[PDB]
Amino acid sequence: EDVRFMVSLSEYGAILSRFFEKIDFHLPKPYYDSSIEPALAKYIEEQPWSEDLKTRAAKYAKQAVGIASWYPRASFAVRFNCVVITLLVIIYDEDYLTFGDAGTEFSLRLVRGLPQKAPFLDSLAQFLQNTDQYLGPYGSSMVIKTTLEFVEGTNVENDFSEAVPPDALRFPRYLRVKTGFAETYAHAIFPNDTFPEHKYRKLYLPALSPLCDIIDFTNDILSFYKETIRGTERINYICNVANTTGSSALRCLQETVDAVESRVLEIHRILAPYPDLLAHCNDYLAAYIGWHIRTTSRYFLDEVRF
């Protein structure tokens, strides 16, 4: 028990309320694409996964299918590929320990062109091998490099528990880059069929970093309840910042809220001359937050007033 990490249910609901007023967020109408869930089921049936892993995936696939709502104007290939990678990332985020050390050999086996040590990781390598179905060469490289960071970040996150963040540093943002997986989702905001890199990458690339900040930090704000209030996670971004600035988690929550609103403003500026790019950005962000609110099985936000 440390008061530093304690945020009351009323305090958190207030933070969320303030957040949504600041960015003028309104809950979109429910998004439905009836092809997504059957296609994801077919994907799972096709993997050379144990029956136990497939049974687990059913619980995680119900959450992954809503990721298609993040890209409502994108092609099916974009939306379905993002849902597939979301299923994979969710499985590893929750169950990385069940794969033993297979996750630690992933990067070397990948660049050696070796079979992976776990069939789940073969599925992930194959996803990496085929991102050219919806992204250009810059984005494919970024999806690969971000995946390697996420796998290692997931494996080492908890090494910093038991209070092993040092008190004076910039480590929380570094680690959050590694855990967040943001560039993979950010690049699909600007798909290569609609926005071929050769013509558009120069226009949208300057907005990529503030977009990634929004992706990482908005999840930190919206999942603080399931991670730290309701849960036992004390090595997420918010708690890492609290431990390295001395501040309460409540203040770091409010600081993160303000940083997101600042990033939202700057993306509006950057993409103001190009309303097609900016319209994909706006659709992503509203659905991203709405997915966090509606996926109560993962984030439990129906236990909060905001």
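From 1 onward, residues are counted along the sequence shown.
*Asks:* Which is higher on mean Cα B factor in this entry, 16 to 24 or 292 to 300?
*Replies:* Higher of the two, by average CA B-factor, is 16 to 24.
*Asks:* Quick check: 233 to 241 versus 33 to 41, which has the larger average CA B-factor in the record?
*Replies:* Higher mean C-alpha B-factor: 33 to 41.
*Asks:* Kindly indicate the residue among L169, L121, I91, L148 with the greatest C-alpha B-factor in the PDB record.
*Replies:* That would be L169.
*Asks:* By the entry's C-alpha temperature factors, tell me which of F127, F217, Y225, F160 sits highest.
*Replies:* Each of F127, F217, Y225, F160 was compared by C-alpha B-factor; the highest is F160.
*Asks:* Looking at the temperature factor on the CA atom of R109, which third of the chain's modelled residues does it land in?
*Replies:* Middle third by C-alpha B-factor.
*Asks:* Please say which third, lowest, middle or highest, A207 falls into when its CA temperature factor is compared across its chain.
*Replies:* Middle third, going by the recorded CA B-factors of the chain.
*Asks:* Should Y174 be placed in the lowest, middle or highest third of its chain by the C-alpha B factor in the entry?
*Replies:* For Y174, the deposited C-alpha B-factor lands in the lowest third.
*Asks:* Going by the recorded CA B-factors, say which third of the chain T154 sits in, lowest, middle or highest.
*Replies:* CA B-factor rank for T154: lowest third.
*Asks:* Based on the entry's values, in what third of the chain does the Cα temperature factor of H198 lie: lowest, middle or highest?
*Replies:* Its C-alpha B-factor belongs to the highest third of this chain's values.
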